[PDB]
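Line by line, the protein sequences give chains A and B.
Using the entry's author numbering, the letters of the first sequence correspond one by one to residues 1 to 21.
Using the entry's author numbering, the letters of the second sequence correspond one by one to residues 1 to 30.
Just so you know, even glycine gets a beta-carbon here, dropped at the ideal spot from N, CA and C.
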Amino acid sequence: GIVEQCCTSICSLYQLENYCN
Amino acid sequence: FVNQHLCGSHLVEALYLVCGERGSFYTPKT
């Protein structure tokens with residue numbers, strides 16, 4: 001989910017962006 | 001290049017740095 005991904009695993013510039021919109 | 005782990009606080013903040021979604025959207029606590 002929104003944070004989970006960039007926490008338990010690693011995420012990318014876009015994975016982050018999604019939040020934006 | 002920007003493949004690191006952002007847990008605890010890093011994300012809540014990242015948002016501010018990119019597209020602040022801590023208004024009436026994803027404004028959570030832990």
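- The straight-line gap separating the alpha-carbon atoms of B:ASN3 and B:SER9 is approximately 16 Å.
- Excluding five sequence positions before and after A:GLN15, the CB atoms of its chain that fall closer than 7 Å to its own CB belong to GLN5 and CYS6, given in chain order.
- The beta carbon of B:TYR16 does not come within 8 Å of any beta carbon belonging to chain A, so the residue lies off that interface.
- For a cut-off of 8 Å, the C-beta gap from A:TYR19 to B:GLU13 is around 12 Å, too long to register as a contact.
- If you look at A:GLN5, you'll find it in the alpha helix (DSSP H) that goes 5-8.
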